[PDB]
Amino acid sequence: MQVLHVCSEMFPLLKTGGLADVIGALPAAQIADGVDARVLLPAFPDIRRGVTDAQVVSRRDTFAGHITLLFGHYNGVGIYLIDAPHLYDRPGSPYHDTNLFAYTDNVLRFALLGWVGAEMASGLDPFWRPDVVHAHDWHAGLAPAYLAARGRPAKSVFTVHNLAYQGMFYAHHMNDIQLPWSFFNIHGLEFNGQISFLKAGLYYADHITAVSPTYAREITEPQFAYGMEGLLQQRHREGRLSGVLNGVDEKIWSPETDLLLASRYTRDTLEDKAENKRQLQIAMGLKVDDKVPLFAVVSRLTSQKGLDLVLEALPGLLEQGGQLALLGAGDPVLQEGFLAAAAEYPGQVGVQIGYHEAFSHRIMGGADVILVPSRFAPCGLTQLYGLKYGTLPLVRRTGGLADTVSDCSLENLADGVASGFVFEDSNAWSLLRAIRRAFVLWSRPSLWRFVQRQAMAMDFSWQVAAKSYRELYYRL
């Protein structure tokens, strides 16, 4: 069984969020579990730099101009690179410029990614053809469309990591992407008068998955589907929609072996976590104090994440005696909001605006609680990281957060299953109740420790996930 993942990022070469973590860890797991998995990526500069054994497979002309298909290895896994400097040789985000504007040629940049994915099924590499093309998010949404247009020389799976990003482009681009004009149709890739790459992925794939079981249910509802729910409801009925929960990469996210930490520690040596907390406090300029709970954020600042609620709840949290340590980049409204708060409450609020890979580890390793108040959550990895690190996640009960965290309710404590704090509604009052719950647990240190150990017993294995994907692949 040969599978090609078609996507636009991969840890550690290029990462803007959780997607890259998946692509960086799933293929290796699949290989261990008996699937021959390779990855197709655009040759963004950081990716091209990391693959040092890249060889030429092929040159082709294309609706988007010429490509050199390269192939090499990263961390044991076979990586194809689409080298097209005129599209991909630019620094920064794969999706937008410095000023945060989407590239105006995105339709071509990402249509090409989908086209090469499909072309791979027809022998673009003379030495290896995938049986299944596995496309990820809107970026790769056209891959199943190109496959359909060519009589499905391979089966296709489309997985949604996020339904809010739709890959909308004006209809006139049907002229630019070499698909049948008849594909522009509610029964096809049209979506409210435009082209949608997400719609294309959802419509044309043999099978759709979402990155958690409850998000797979949620996206059949108007609240989480943003107009797409009818397709998803229909695909559910056809048995063509399912959820497979993400794992965590243990090579990189384990306090037991984490080389980025001041101090490594284990589920049975949580005393060794304290030095991380002290150095985190020092690093952020917080009062060095171990009697006080340190709450943390490591998050893209976008609407999805509910961080406005954190801002509203901040006074309440501070009033109860908590500290906050925040790392994130996105909306300036949010950015300015938090910078202001750190100015207003020095020694209590530490903030760092920007993307810092190593610093997120030091936060995860030193904080007591990780705040994930998301409005929606296809899966969420940072809460999984909190669990592994004994950093209790405080989450909204939605999507993968609902699949993965157990509230410290009386039943859950009594059954030995409690692992964090859960609130229901997207408002600060709801958030604040969960925060109070945390303060109550914090005043019973042995109960806190009992919940940490249970959080750290939770297992999120990629090889276990690989097994589900494999069953899926064989049943197509």
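Counting begins at 1, following the sequence as shown.
*Asks:* If you take the mean CA temperature factor per stretch, which one wins between 245-253 and 181-189?
*Replies:* Going by the record's values, the stretch with the higher mean is 181-189.
*Asks:* Between 99-107 and 76-84, which has the larger average Cα B-factor in the PDB entry?
*Replies:* Mean B over CA atoms: larger for 99-107.
*Asks:* Going by the CA temperature factor in the entry, name the top one among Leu198, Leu113, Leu401, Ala149.
*Replies:* Spelled out: the listed residue with the top C-alpha B-factor is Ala149.
*Asks:* I'd like to know which of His134, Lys388, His161, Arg235 has the highest C-alpha temperature factor in the PDB entry.
*Replies:* The listed residue with the largest C-alpha B-factor is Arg235.
*Asks:* Test of reading the entry: by CA B factor among the chain's modelled residues, which third contains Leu410?
*Replies:* CA B-factor rank for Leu410: middle third.
*Asks:* Ordered by C-alpha B-factor within the chain, which third holds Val39? Give me lowest, middle or highest, please.
*Replies:* Lowest third.
*Asks:* Based on the deposited C-alpha B factors for this chain, I'd like to know if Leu286 is in the lowest, middle or highest third.
*Replies:* Answer is highest: the recorded C-alpha B-factor places it there.
*Asks:* Classify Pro315 as lowest, middle or highest third according to the C-alpha B-factor given in the PDB entry, relative to its own chain.
*Replies:* Its C-alpha B-factor belongs to the highest third of this chain's values.
*Asks:* Report the third (lowest, middle or highest) to which the CA temperature factor of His66 belongs, ranking only the modelled residues of the same chain.
*Replies:* As the PDB entry reports it, the C-alpha B-factor of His66 lands in the lowest third of its chain.
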